[PDB]
């Protein structure tokens, strides 16, 4: 429901780079250039950022106490 | 046996005794749905 | 003789060439780094309040996944039996906002999260999250949470491109584009495979008979990177010292048979 | 000579006899189970049960 | 194959006999190694499938050769109680010894087995006909004569 | 690490090595194969799940030296190579 | 991995791959019988008939309801409730507590108290259970290829490509020719092409991106157009003889988990009429 901390395959921590990637790719910058800037060489990491969907934001509206 | 509960809609403190209560409802809103709040004792979870 | 040559060096990655070593020892070093080098990691969490949208077992995993720095001087990281020293991480948050790894407060100044920007959980208004997390030394084979980084290697190979090919200039341009060292010679172009080099579709016919390859024996291009828990040089040294300690213990146990 | 049905029947009878308290006619390794004891007696040839054939 | 089972979600039941006679019946009549040959057509029902056949072809195909470590490791993995490697089939450049797949496979067969037939890979009947002629003329051909006419 | 002997002969030694896996076993057997007096040597994991930490070994020699002595020689060569690699790493990294 | 079995990496599982959670809701009514007799939520006294072990009431509150976030086990009581007696006894109260299913386990997530249509109290309790992937769990791609996890392999044993990739999953090459699912092979190339170029690939039925475009684009990025990479064996540390097809494929975890299918009966109870063992895992 939230961005994972590390890539499932290699283990590199990519949890902090999701919002930066989303913002820069929204601004208009080329997604591949943004990924290369962030330092994600192996496509195992790039998959995790490219395919992730943020789903914490629409389940927070229901609370259980 | 008095105990505290949390309302379903407004999520506010409701204190009621179910064993003797006949009309179970939140006093602030007519909701008949209440939660039993989590206890305050610490709980241990394995980080697996 | 045995020698090590550095090719690249940066903040969290080291690239070097190992020479004179059999494949078995190289694979042993890789496996030792992957599984034997110990680090700090969260192993048990004691929640007091958790009103967030995520259950306890998800927040616990996220806490465990965060890398924590590991001091090198204070502990015998190369010992075959590790210490049971425990470091407690505490946190208390409330209200709207994203809980970051930088909000964790540690008992020990030498053990703290490496990256202070990793998100943990989003909290709405009126939501509180209070817990204590206990971190202890552990190895990379019992659980992936204790891995110090990631390591792989490849053979050190030289790809020979005959100039008899009508359009070898395109191959040379592609090799220079990929960033590999190219040493042009007479009738033959030498490409050093620092990084993988796959010939294109149109040149696939020339493979073997004209585009042949040469594997330099006992030479491997290592690649080691870390998440920041330990410097890469310390990781390699610790793995190498564990390799000696295991051999010494085997010598002792074998001598016990007489 | 023996049909597999006869062999199975003989072994099943011997194992039940041994379990119910009959002595073993051959030395056996300790910890063995009665069925294996009966099978051992059989392949060793010490069988006290014979089969009736018309 | 006897169970007609594949590991795509199939569930299979297990039963435990409770009496000594039932256990003896299960042990003597119902052992798996007893039912290798199917009663329907008198042929084997238990046998190698898929990767077994593919690996056998890879091992016994023409041109297959293995090194010292590969031979030792594969023999130890198979469980063969060997304590001395046979003579190398060929010597690689740099002086390394090599063993063919035929030699490795022959260590699993009984010491006195003899048989010949045609397999599904037959594509040039002349090659098979020559071998059949050589075997027919004398019931024991010279192995160094067969190895010149060896065909997959 | 424990050594549990399964069986032994005039020139054969077969033993478990509990607390180990392919990482050390493969290196040890590959070091052993360099010794000219070792006729046959190999290891295996009898089951990838239950015997994950119990690699079974077999060492056979030609009688010139005891298998227990060849194991000592291999384990000493391993230590020498590891140390001499570490020195080069230390000198090159700084 | 033969006969449609699959092999999965241990490290990836430990990092949060296919990890799932299971939910189940229990229900308990405080029925009101004719003649004024009624049930009641309470701690069952040892006097009452049918009183199970005190061990099973370890996680109950004085109002008769379980504390949320308390971990429970098999046949543990969630809601304690006593019922009016049966005339064969007398001056007794039948124990009619609602308990966890005999083979299930987890943690109580939430407790809800409501009123039915007739005003009687109604309590619903949901128990959540973590389900880490294990042997026997079923995985299926969307091309109809399905299987179960045959083995969980440590990361250092898995082979790695010379470009630094470790497979998350390994499948047998034997089912591909018989199943004739070329679309899965095309999706394998397309996934890596999308993950390498930084944007998703359209896979519409009859107007999706053609195979030849993807093959050329993969070669443009520096890989081989066949999708084959050189890997090194994770045990011997030397490269395999043949180039290996590796890509990225969408896989789904099915709700056929072995934790819900395993079932064993020693003696159990018996049916009233035929005096034979009952039917189903639940009883």
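For clarity, chains are labelled A, B, C, D, E, F and G in written order, and residue numbers in each chain start from 1.
Everything that follows uses one rule, which is that a residue touches a chain if its C-beta (ideal position, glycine included) is under 8 Å from a C-beta of that chain, and two chains touch if they have at least 3 such contacts.
Protein identities per chain, from UniProt: A = DNA-directed RNA polymerase subunit Rpo10; B = DNA-directed RNA polymerase subunit Rpo12; C = DNA-directed RNA polymerase subunit Rpo3; D = DNA-directed RNA polymerase subunit Rpo6; F = DNA-directed RNA polymerase subunit Rpo11.
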Pair sharing more residue contacts (C-beta pairs) when B-C is set against A-G: A-G
Euclidean distance of C-alpha centroids - subunit C vs subunit F, Å: 27
Centre-to-centre distance between subunit D and subunit A (centres being mean Cα positions), rounded to whole Å: 70
Subunit B and subunit F: spacing of chain centres that average the CA atoms, whole Å: 64
Distance between chain centroids, defined by C-alpha means - subunit A, subunit E (Å): 52
Where subunit E touches two or more other chains, by residue: 69, 73
Shared interface positions of subunit G, touching two or more other chains: 11-12, 14-16, 69, 109-110, 156, 163-164, 236-237
Residue numbers of subunit A (touch at least two other chains): 4, 6, 10-11, 63-65
Listing of all chain pairs that touch each other, if any do: A-B, A-C, A-G, B-C, B-G, C-F, C-G, D-E, E-F, E-G, F-G
Residue ranges of subunit A touching subunit G (in the complex, touch as defined): 4, 6-11, 30-35, 41-44, 46-47, 50-51, 64
Residues of subunit C that touch subunit A when the two form their complex: 51, 53-54, 62, 65-67, 115, 117-119, 121-122, 124, 127, 144, 147, 149-150, 225, 227
Of subunit A, residues touching subunit B in the complex: 63-65
Complex interface listing, subunit D residues touching subunit E: 4-5, 7-8, 11-13, 15-16, 19, 34-35, 38-39
Subunit F - residues contacting subunit E, complex: 12, 29-30, 33, 39-44, 58, 60
